[PDB]
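Visitor: One structure, pasted below without further comment.
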Amino acid sequence: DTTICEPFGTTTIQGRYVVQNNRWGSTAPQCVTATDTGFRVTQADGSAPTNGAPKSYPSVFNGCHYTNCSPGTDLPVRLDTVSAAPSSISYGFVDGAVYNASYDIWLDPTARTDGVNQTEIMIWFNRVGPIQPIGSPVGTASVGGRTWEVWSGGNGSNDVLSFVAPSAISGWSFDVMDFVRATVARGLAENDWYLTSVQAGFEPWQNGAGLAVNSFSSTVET
Ligand SMILES: OC[C@H]1O[C@@H](O[C@H]2[C@H](O)[C@@H](O)[C@H](O[C@H]3[C@H](O)[C@@H](F)[C@H](O)O[C@@H]3CO)O[C@@H]2CO)[C@H](O)[C@@H](O)[C@@H]1O
């Protein structure tokens with residue numbers, strides 16, 4: 001195991017994914033302990049007001065995020081070359097606290113490895129406490145055999161399309177391309193954009209210690 005407490009500390013697991021503390025919204029300590037297949041949040045101090053940015057997005061990813069590219073990743077890859085993008089996750093939830101468990105999937109018109117990607121897909125596997133996505137609800141969508149409440153808006157940097165589960169999902173395997181297709185169909189990307197990373201983790205606003213990604217996988221096949 002490897003403990004990371006630096007706000008933007010990272011480590012690689014299984015020689016394939018990056019675990020990031022990614023403490024981008026908080027002045028209080030946070031630590032994650034990386035395992036060979038995921039990570040656990042071992043300290044997550046402080047609170048963030050629940051109508052604003054979360055404290056952080058501790059997560060594991062395949063791809064490139066602010067110059068940090070996971071070992072051997074084939075991302076960025078143009079979407080029209082992707083046959084499938086399977087991913088799977090197992091989450092450990094905490095009772096109480098205020099957080100989501102979410103995927104972040106980033107798309108851009110360029111083969112982007114640094115900076116803000118133009119579109120963000122956020123898939124909320126769980127929601128606890130009085131938090132909601134960026135923007136406005138739109139309606140429901142059926143993606144991957146599951147129903148989602150779709151939200152759309154912008155954060156000032158990028159577009160955000162969110163798919164929110166009706167109740168907690170502790171584990172799933174799915175095709176990221178199913179969500180990319182739904183995003184393209186709403187005009188928030190095009191078939192000749194690039195997939196630049198597939199990330200999974202948590203956005204905590206209050207507490208968060210004990211949250212875990214037990215396992216994660218992501219492949220992008222061309
Ligand atoms: O990780 C190093 C870089 O962190 C940058 O902060 C990013 C952060 O990495 C992203 O994960 C985060 O994404 C937000 C997104 O903007 C929201 F729309 C969404 O609801 O939630 C995700 C996850 O919380 O965005 C922040 C801030 O832009 C930081 O700015 C860089 O300087 C740093 O190099």
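By convention here, the chains of the structure tokens are called A, B, ... in the order presented, each chain's residues are numbered starting at 1, and ligands are numbered starting at 1 in the order presented.
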Throw together the list of residues within 7 Å of ligand 1, counting only C-alpha atoms and all ligand atoms, and drop it here as a VMD selection string.

Guide: chain A and resid 8 22 24 54 56 to 57 65 to 66 104 116 120 133 to 134 155 160 203

Visitor: Limited to C-alpha atoms, could you put the picked residues into a file as a compact mmCIF listing (two decimals), in the first residue's frame?

Guide:
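Below you can see again_32.txt, which holds the result:
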# COMPACT_ATOMS: atom_id res chain seq x y z
CA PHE A 8 -1.78 16.72 -5.64
CA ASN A 22 -6.54 15.49 -6.08
CA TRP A 24 -8.29 20.63 -5.38
CA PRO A 54 -16.48 19.71 -3.21
CA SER A 56 -11.58 17.11 -3.71
CA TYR A 57 -11.88 14.31 -6.25
CA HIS A 65 -5.05 14.39 -16.56
CA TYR A 66 -3.02 17.64 -16.31
CA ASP A 104 -15.42 11.52 -14.58
CA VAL A 116 -9.34 21.68 -19.01
CA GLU A 120 -17.12 16.35 -18.77
CA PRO A 133 -24.88 18.09 -9.93
CA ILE A 134 -23.82 21.17 -11.77
CA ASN A 155 -18.77 25.17 -14.42
CA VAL A 160 -20.84 19.09 -17.64
CA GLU A 203 -16.39 14.02 -4.42

Visitor: Within 6 Å of residue A:18, counting only C-alpha atoms, which residues qualify if same-chain residues fewer than 3 places away don't, as a count of residues only?

Guide: 5

Visitor: Excluding residue A:173 and its own-chain neighbours fewer than 6 positions away, which residues fall within 9 Å of it when counting only C-alpha atoms? Please give them as a count of residues only.

Guide: 5

Visitor: What's the 9 Å shell around residue A:109, counting only C-alpha atoms, without same-chain residues fewer than 3 positions away, as a list in words?

Guide: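 Those residues are residues 78, 112, 117, 118, 189, 190, 192, 193, 194 and 195 of chain A.
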
Visitor: Find the residues around stretch 33-39 of chain A up to 6 Å (only C-alpha atoms counted), leave out those fewer than 4 positions away in its own chain, and share them as an MDAnalysis selection string.

Guide: chainID A and resid 1:3 13:14 212:215

Visitor: Write a file of the selected residues as a PDB file, in the first residue's frame, keeping N, CA and C atoms.

Guide:
ATOM      1  N   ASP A   1       0.852  -1.222   0.000  1.00  0.00           N
ATOM      2  CA  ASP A   1       0.000   0.000   0.000  1.00  0.00           C
ATOM      3  C   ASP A   1       0.866   1.242   0.000  1.00  0.00           C
ATOM      4  N   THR A   2       0.384   2.359  -0.495  1.00  0.00           N
ATOM      5  CA  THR A   2       1.133   3.578  -0.500  1.00  0.00           C
ATOM      6  C   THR A   2       0.255   4.706  -0.032  1.00  0.00           C
ATOM      7  N   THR A   3       0.635   5.428   0.999  1.00  0.00           N
ATOM      8  CA  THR A   3      -0.120   6.532   1.486  1.00  0.00           C
ATOM      9  C   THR A   3       0.311   7.844   0.818  1.00  0.00           C
ATOM     10  N   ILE A  13      -0.771   2.287  -9.822  1.00  0.00           N
ATOM     11  CA  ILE A  13      -1.111   0.966  -9.375  1.00  0.00           C
ATOM     12  C   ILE A  13      -1.241   0.046 -10.574  1.00  0.00           C
ATOM     13  N   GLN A  14      -0.871  -1.205 -10.245  1.00  0.00           N
ATOM     14  CA  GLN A  14      -0.734  -2.330 -11.097  1.00  0.00           C
ATOM     15  C   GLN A  14       0.022  -1.984 -12.397  1.00  0.00           C
ATOM     16  N   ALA A 212     -13.932   3.938  -0.262  1.00  0.00           N
ATOM     17  CA  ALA A 212     -12.923   3.184  -0.954  1.00  0.00           C
ATOM     18  C   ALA A 212     -13.361   2.840  -2.363  1.00  0.00           C
ATOM     19  N   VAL A 213     -12.402   2.822  -3.283  1.00  0.00           N
ATOM     20  CA  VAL A 213     -12.493   2.099  -4.564  1.00  0.00           C
ATOM     21  C   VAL A 213     -11.796   0.782  -4.327  1.00  0.00           C
ATOM     22  N   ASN A 214     -12.542  -0.293  -4.215  1.00  0.00           N
ATOM     23  CA  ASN A 214     -11.981  -1.596  -3.970  1.00  0.00           C
ATOM     24  C   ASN A 214     -11.280  -2.128  -5.205  1.00  0.00           C
ATOM     25  N   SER A 215     -11.828  -1.897  -6.372  1.00  0.00           N
ATOM     26  CA  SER A 215     -11.218  -2.321  -7.607  1.00  0.00           C
ATOM     27  C   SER A 215     -11.738  -1.423  -8.731  1.00  0.00           C
TER      28      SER A 215
END

Visitor: If we count only C-alpha atoms and set the cut-off at 12 Å, which residues sit around residue A:138, ignoring sequence neighbours fewer than 2 positions away in its own chain? Please answer as a list in words.

Guide: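 Skipping anything fewer than 2 positions along the chain leaves residues 133, 134, 135, 136, 140, 141, 148, 149, 150, 151, 152, 153, 161, 162, 163, 164 and 186 of chain A.
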
Visitor: Keeping N, CA, C and O atoms, export the residues of the selection given above as a PDB file, in the first residue's frame.

Guide:
ATOM      1  N   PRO A 133     -25.790  17.704  -8.846  1.00  0.00           N
ATOM      2  CA  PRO A 133     -24.882  18.087  -9.931  1.00  0.00           C
ATOM      3  C   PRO A 133     -24.942  19.548 -10.278  1.00  0.00           C
ATOM      4  O   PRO A 133     -25.869  20.250  -9.964  1.00  0.00           O
ATOM      5  N   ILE A 134     -23.942  19.909 -11.044  1.00  0.00           N
ATOM      6  CA  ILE A 134     -23.823  21.168 -11.765  1.00  0.00           C
ATOM      7  C   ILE A 134     -24.997  21.368 -12.698  1.00  0.00           C
ATOM      8  O   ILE A 134     -25.415  20.487 -13.440  1.00  0.00           O
ATOM      9  N   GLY A 135     -25.640  22.570 -12.730  1.00  0.00           N
ATOM     10  CA  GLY A 135     -26.611  22.841 -13.728  1.00  0.00           C
ATOM     11  C   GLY A 135     -28.055  22.497 -13.333  1.00  0.00           C
ATOM     12  O   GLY A 135     -28.447  22.712 -12.186  1.00  0.00           O
ATOM     13  N   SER A 136     -28.796  21.985 -14.288  1.00  0.00           N
ATOM     14  CA  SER A 136     -30.214  21.724 -14.186  1.00  0.00           C
ATOM     15  C   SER A 136     -30.552  20.302 -14.539  1.00  0.00           C
ATOM     16  O   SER A 136     -29.943  19.802 -15.496  1.00  0.00           O
ATOM     17  N   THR A 140     -34.840  11.898 -17.884  1.00  0.00           N
ATOM     18  CA  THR A 140     -34.165  10.627 -17.678  1.00  0.00           C
ATOM     19  C   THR A 140     -33.515  10.162 -18.967  1.00  0.00           C
ATOM     20  O   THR A 140     -33.847  10.592 -20.092  1.00  0.00           O
ATOM     21  N   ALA A 141     -32.601   9.241 -18.861  1.00  0.00           N
ATOM     22  CA  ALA A 141     -31.998   8.514 -19.973  1.00  0.00           C
ATOM     23  C   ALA A 141     -31.790   7.067 -19.561  1.00  0.00           C
ATOM     24  O   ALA A 141     -31.507   6.817 -18.396  1.00  0.00           O
ATOM     25  N   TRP A 148     -31.045   6.777 -15.560  1.00  0.00           N
ATOM     26  CA  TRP A 148     -30.304   7.893 -14.991  1.00  0.00           C
ATOM     27  C   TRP A 148     -31.103   9.174 -15.068  1.00  0.00           C
ATOM     28  O   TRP A 148     -31.759   9.388 -16.094  1.00  0.00           O
ATOM     29  N   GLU A 149     -30.998  10.012 -14.065  1.00  0.00           N
ATOM     30  CA  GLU A 149     -31.482  11.386 -14.186  1.00  0.00           C
ATOM     31  C   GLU A 149     -30.325  12.198 -14.795  1.00  0.00           C
ATOM     32  O   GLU A 149     -29.214  12.188 -14.267  1.00  0.00           O
ATOM     33  N   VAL A 150     -30.577  12.833 -15.927  1.00  0.00           N
ATOM     34  CA  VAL A 150     -29.602  13.626 -16.635  1.00  0.00           C
ATOM     35  C   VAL A 150     -29.655  15.064 -16.170  1.00  0.00           C
ATOM     36  O   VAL A 150     -30.760  15.643 -16.116  1.00  0.00           O
ATOM     37  N   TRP A 151     -28.515  15.632 -15.860  1.00  0.00           N
ATOM     38  CA  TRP A 151     -28.341  17.034 -15.576  1.00  0.00           C
ATOM     39  C   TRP A 151     -27.356  17.623 -16.580  1.00  0.00           C
ATOM     40  O   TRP A 151     -26.428  16.961 -17.028  1.00  0.00           O
ATOM     41  N   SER A 152     -27.508  18.892 -16.909  1.00  0.00           N
ATOM     42  CA  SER A 152     -26.598  19.589 -17.844  1.00  0.00           C
ATOM     43  C   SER A 152     -26.298  20.952 -17.332  1.00  0.00           C
ATOM     44  O   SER A 152     -27.191  21.662 -16.822  1.00  0.00           O
ATOM     45  N   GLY A 153     -25.074  21.377 -17.430  1.00  0.00           N
ATOM     46  CA  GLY A 153     -24.721  22.760 -17.205  1.00  0.00           C
ATOM     47  C   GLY A 153     -23.274  22.981 -17.508  1.00  0.00           C
ATOM     48  O   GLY A 153     -22.652  22.286 -18.307  1.00  0.00           O
ATOM     49  N   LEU A 161     -22.135  17.145 -18.282  1.00  0.00           N
ATOM     50  CA  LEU A 161     -23.327  16.323 -18.456  1.00  0.00           C
ATOM     51  C   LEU A 161     -23.280  15.252 -17.405  1.00  0.00           C
ATOM     52  O   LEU A 161     -22.306  14.447 -17.399  1.00  0.00           O
ATOM     53  N   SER A 162     -24.235  15.199 -16.524  1.00  0.00           N
ATOM     54  CA  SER A 162     -24.241  14.266 -15.410  1.00  0.00           C
ATOM     55  C   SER A 162     -25.378  13.255 -15.574  1.00  0.00           C
ATOM     56  O   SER A 162     -26.457  13.575 -15.994  1.00  0.00           O
ATOM     57  N   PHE A 163     -25.072  12.010 -15.198  1.00  0.00           N
ATOM     58  CA  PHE A 163     -26.005  10.877 -15.181  1.00  0.00           C
ATOM     59  C   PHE A 163     -26.085  10.391 -13.732  1.00  0.00           C
ATOM     60  O   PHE A 163     -25.080   9.903 -13.237  1.00  0.00           O
ATOM     61  N   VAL A 164     -27.226  10.538 -13.084  1.00  0.00           N
ATOM     62  CA  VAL A 164     -27.315  10.274 -11.677  1.00  0.00           C
ATOM     63  C   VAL A 164     -28.140   8.995 -11.429  1.00  0.00           C
ATOM     64  O   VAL A 164     -29.291   8.898 -11.884  1.00  0.00           O
ATOM     65  N   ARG A 186     -26.600  14.485 -27.494  1.00  0.00           N
ATOM     66  CA  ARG A 186     -27.107  15.760 -26.950  1.00  0.00           C
ATOM     67  C   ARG A 186     -26.282  16.954 -27.443  1.00  0.00           C
ATOM     68  O   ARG A 186     -26.542  18.093 -27.055  1.00  0.00           O
TER      69      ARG A 186
END

Visitor: Looking only at strand (DSSP E or B) from DSSP on the backbone, list the matching residues of stretch 65-194 of chain A as number ranges by chain.

Guide: A: 65, 68-69, 77-78, 84, 86-92, 98-108, 119-128, 136-143, 146-154, 159-164, 171-175, 194
